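Here the structure comes first, spelled out in structure tokens, and everything after it is commentary.
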Amino acid sequence: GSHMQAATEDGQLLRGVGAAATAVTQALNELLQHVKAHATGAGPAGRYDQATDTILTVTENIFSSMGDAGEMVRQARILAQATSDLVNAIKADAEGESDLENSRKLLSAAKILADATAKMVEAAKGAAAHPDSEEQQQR
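Oh and the sequence shown: position 27 is 777 in the authors' numbering, straight run, nothing missing.
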């Protein structure tokens, strides 16, 4: 939830964070249906429902808190952790997949997962109103 910080007149909150977040929501869904219909079910392979569920909730939380800055970065930091774990899991899954085309797809989609997450953490930080957290040249 957003408090009462900055109101981006040019809509930078949506232009940057909204777009970056959307990329994650899309990538997550893309990979989810792709994994849940593929891979060899042998342990942590074939699906990572909890991992993806945790991510989406975080990205969607940023949507709700679009403009709070602090809550955005907080969730974005969780996003980075969640997605990196998801991608890493896929990396291992694809190593021992029965469909070496699917595994290739897997790591391609996993790339977008982490790539969009970096952009999300990028946008959440960039559009954090005024990022004077480390004495950013006060006058």
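From the three backbone atoms N, C-alpha and C, an ideal C-beta is built for every residue, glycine too.
In the three-state DSSP reduction, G768 falls in the helix class (H, G or I). With a 10 Å radius around the Cβ and a threshold of 16 neighbouring Cβ atoms, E847 comes out buried. Counting only runs of 4+ residues, the alpha helix (DSSP H) found wholly inside the segment 789 to 834 occupies 799 to 814, in chain order.
Closest in C-alpha terms to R824, from the list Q886, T772, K841, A874, comes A874. Using a Cβ distance threshold of 8 Å, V767 and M822 count as a contacting pair.
Distance from the CA atom of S752 to the CA atom of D849, rounded to whole angstroms, is 45 Å. A straight-line Cα-Cα distance of about 15 Å links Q783 and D843.
Around the beta carbon of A832, a 10 Å sphere encloses 16 or more other beta carbons of the protein chains shown; the residue is thus reported as buried.
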